[PDB]
């Protein structure tokens, strides 16, 4: 009940509240005009969510401020003390709907694949993911005790963390994109050049918008502005759920900062394990710009 342990479901370790959440998510019916944001945690979920809302409100910042990002974009598997569940919020979210998930394919509602819903997947280099994930486990108190960074890094390496293996995740959603319509984006690409990536998102969802407006989205989806913005920075939630004084949700927003956490030994060891997990995969990751 106090940083409870994970619960395994069909091979996926989950926050127990999210596992419970899968029951009522059995009753979820996807529409053809839905869009699923899919990511392994800490990969840029909130960032594309805010890009996709701004696209959906025609650039209108003021509408984007109607509520926090987690109410504008129902988080499918979500459940937590004192906050409405993904499924509850979904009931008051109007089509065309933006949905957020981290579920491995093993757990994904089949209705999203049968209905051919557009997915925007965001992948990020595992080193920055592990580091962000580690800080995230401290502030987001439903998560089990993270322990030392070292022991969290080893845990992360055998996917013995919330939502399981990053390795299997970025690969399985990469393969899905052959039989299913997936825009597969990279957080690093979004760091290098946010406007290229936003226009690709737009190409994907079929909106054209003017450059006055694009440029405008760019600036309002930057790290500095999304840190300032309380409908995107998660400071509106109760302190018993997320404690930003331990670690803020919007942390550094950088690519390449893993280097200030990983030791040299951790790095050599991670890289050897990495080359072995990722062998036979066309996927190429930039671990810095």
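Numbering follows the first chain given and starts at 1.
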Which is higher in the entry, the mean Cα B factor of 199-207 or that of 111-119? 199-207
Mean C-alpha B-factor higher for 170-178, or for 210-218? 210-218
One of 47, 262, 241, 40 has the largest Cα B-factor in the entry, namely 241
Out of 35, 51, 30, 246, residue topping the C-alpha B-factor column of the entry: 246
Comparing against every modelled residue in the chain, figure out the third that the C-alpha B-factor of residue 127 lands in (lowest, middle or highest). lowest
Could you look up the Cα B-factor of residue 281 in the entry and say which third of the chain it sits in: lowest, middle or highest? highest
B-factor third for the C-alpha atom of residue 90 within its chain: highest
Is residue 162 in the lowest, middle or highest third of its chain when residues are ranked by C-alpha B-factor? lowest
Is the Cα B-factor recorded for residue 193 in the lowest, middle or highest third of its chain? highest
